[PDB]
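Protein chains in written order, with the authors' numbering: chain F, 266 to 318; chain E, 319 to 371. Using N, Cα and C, we set each Cβ at its ideal position, and we do this for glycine too. To keep things clear, I will list the structure first and then write my remarks on it.
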Amino acid sequence: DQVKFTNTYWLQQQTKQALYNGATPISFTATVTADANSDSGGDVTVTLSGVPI
Amino acid sequence: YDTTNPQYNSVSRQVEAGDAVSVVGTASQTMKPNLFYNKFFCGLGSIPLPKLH
């Protein structure tokens with residue numbers, strides 16, 4: 266699955282300016298590596314591929 | 319807008335106290351404008367650097 270971090274945008278990797286596809290800015294998104302289930306109290310631990318450095 | 323010097327008027331009337339203005343955009347949105355210009359809008363140069371002793 267893909268999780269999207271809403272207020273944090275991708276950059277152009279050389280220039281370091283935020284990306285904009287003309288409607289909105291394109292937010293950063295990462296991918297779940299392995300299946301992860303949530304325990305009581307409602308909090309999840311997950312490993313993601315792609316990093317918001 | 320120059321009464322003594324109308325030669326240089328850029329605009330139709332004079333901005334006066336109480337005139338309505340507005341901003342172009344939406345409050346906090348981050349965006350990436352396209353540009354248009356003419357060759358003589360801006361210019362660029364570079365200064366040759368001497369070498370340290």
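Quick one: measure Cβ to Cβ for residue i and residue j, integer angstroms, because I've assumed they're closer than 8 Å.
| i | j | result |
| --- | --- | --- |
| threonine 294(F) | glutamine 277(F) | Not a contact, Cβ separation roughly 16 Å. |
| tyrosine 285(F) | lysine 350(E) | 4 Å |
| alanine 299(F) | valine 309(F) | With a Cβ gap of about 12 Å, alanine 299(F) and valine 309(F) do not count as contacting. |
Rounding to the nearest angstrom, what Cα-Cα distance links residue i and residue j in this structure?
| i | j | result |
| --- | --- | --- |
| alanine 288(F) | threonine 271(F) | 15 Å |
| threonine 273(F) | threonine 280(F) | 17 Å |
| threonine 348(E) | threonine 312(F) | 29 Å |
| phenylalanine 359(E) | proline 368(E) | 30 Å |
| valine 342(E) | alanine 335(E) | 21 Å |
In its own chain, which residues sit with a C-beta less than 7 Å from the C-beta of residue i, not counting the 5 before and 5 after it?
| i | result |
| --- | --- |
| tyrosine 326(E) | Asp320 |
| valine 329(E) | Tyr319 |
Excluding five sequence neighbours on each side, which residues of the same chain lie with their C-beta closer than 6 Å to the C-beta of residue i?
| i | result |
| --- | --- |
| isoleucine 291(F) | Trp275 and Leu284 |
Which chain B residues are close to residue i, counting only those with a beta carbon under 9 Å from its beta carbon?
| i | result |
| --- | --- |
| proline 290(F) | Absent from the structure is chain B; the protein chains it does hold are F and E. |
Looking only at its own chain, which residues have a Cβ that is under 8 Å from the Cβ of residue i, when we skip the five neighbours before and after it?
| i | result |
| --- | --- |
| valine 333(E) | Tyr319 |
| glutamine 282(F) | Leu276 |
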